[PDB]
Structure formats: C-alpha cells, structure tokens
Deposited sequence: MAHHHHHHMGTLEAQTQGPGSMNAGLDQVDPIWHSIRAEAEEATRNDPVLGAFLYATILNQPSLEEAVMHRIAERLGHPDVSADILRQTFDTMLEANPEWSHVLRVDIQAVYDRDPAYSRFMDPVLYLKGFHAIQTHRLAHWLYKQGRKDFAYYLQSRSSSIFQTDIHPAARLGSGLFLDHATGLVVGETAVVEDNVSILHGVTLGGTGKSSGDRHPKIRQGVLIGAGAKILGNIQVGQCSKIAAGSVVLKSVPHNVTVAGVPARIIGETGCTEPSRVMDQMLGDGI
C-alpha cells in the first residue's frame, strides 16, 4: 500500500508458485485459490490455512480466523515472524524448494503459528480458547505446546510429530526442532538458546539450558545444561565434539 512494506518477495513467490500449480493440476484449483490466490495477503493466507486445518463443529474455521485477525491486529510483528519462520524452512530443508510448501503443507509451520495465537490468548486471560487451540493442535498436528511456552522467530519444526513443550519452556530464535522431541520436566522446563538444532526423539528435561549453536543428536536424553557450541549425544547425553 505504500513504502518499504511493498517489497515482499516471499508472498510474490508464493502467488507465482500457486498460479503455476493450479495450471499444472486444475482439480487443486479450489484449494489453491481459496488458500492463496484469492487472499489479499500472506498473513491472511496463513491464517486461513490454519483455521481450515483446525476448524471443527466444536469451534468453526471462521471463529478461529476471526480470532487470528484480532491477534494480527494486536501483534503487528507477526508479519515478520511468519516470514522468517517461512524462510527458515526454505533455507534449512532440502526436501521442499518452494516458499509455499510450509504455508500449505507442513504441520510444524502451522503448529508454530497456532502456538503464537494460543500464547496471546493465554496472556489476555482467554485461557479456555488457548487450551482449546493447544488441544486441537495436539490432535491434528501432533504438537503439544503449552500456551505459556515462549517460542522465538525463525523456528523450524521439522516433521513435528510428537513434539511436547512444557509450560515454562523457552525457545530463542533460529532454532530447529525435529519430530519426537520433549522440552519437558516454578521454572521446570528447558531454555533453548539461539541457533540450536534438536535431533529426532531427543528429550531435554528440567530447568536446564542448551547453549547457543549447540546440536542435540537424535535420541539424546539431556538432563544437564549444555554449553554453547558443542554436540551432545547419548542416553544420558554427553558432549561429543564442537560445532559452529
């Protein structure tokens, strides 16, 4: 509408990718037009997708979409957060070559933003709506994230199935978390510092911290804080080397 905001290569690429896909598979036209092409913005596309996935007789897509609208209005920074979350997927995963892929398909990405809505509702004292969302996400996306948990931006929830994040956990920016991960057990759950990779099935338990840029090997059981710039593996986890 005016100024630097008009530069939006991610949205423009997504719109191009949906145009080309509908051309290639016209039966998917209702899907791609309703989710992307008929949308006035990437924000609305992402809200709409997630409201559609979570929508139920119990609480309709429309109500979820209306509430998402209220959250964007109160949290204008969500425009950037969602784009860098998108960017994380694109940069960190060779499996998917389009910006549209996380928006349409990847439940990890849908669960992140669902949590962001739930967290805001929770903070506003709308705790039933926050628990409803937590419950719905746990059932549909298989991600159980307590609404009081704090998630940074550029988070990559890869595959996602089985993720459990406790009430007092904190995840900072540019973290990647695989499927089957527990951030579990006043302050009694983990603090994950920026740039961390958490591998498949890892359990990180207690009020401990995982230092910046560290890697948690698949299947690790982490019961003690991890220094920055190390790789840890094993049950129980031990430092096995350095990393950048």
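Stretches of the deposited sequence absent from the structure, as judged by C-alpha coordinates, are 1-22, 208-212, 272-287.
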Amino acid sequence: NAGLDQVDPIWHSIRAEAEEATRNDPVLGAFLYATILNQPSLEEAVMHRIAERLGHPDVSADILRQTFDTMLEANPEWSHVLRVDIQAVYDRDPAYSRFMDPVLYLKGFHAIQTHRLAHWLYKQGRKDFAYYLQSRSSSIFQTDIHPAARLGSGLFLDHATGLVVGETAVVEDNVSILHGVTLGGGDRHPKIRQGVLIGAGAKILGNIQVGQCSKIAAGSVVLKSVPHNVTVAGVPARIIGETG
From here on, numbers count along this sequence of modelled residues.
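Mean CA temperature factor is higher for 94-102 when stretches 94-102 and 134-142 are set side by side in the entry. In the deposited entry, the Cα temperature factor of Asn75 places it in the highest third of its chain's modelled residues. In the PDB entry, a CA B factor belonging to the middle third of its chain's modelled residues is recorded for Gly184. Ranked by Cα temperature factor within the chain, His115 sits in the lowest third according to the deposited record. In this PDB entry, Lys123 carries a Cα temperature factor that places it within the highest third of its chain's modelled residues. Residue-level temperature factors show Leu178 in the lowest third of its chain, judged at the C-alpha atom.
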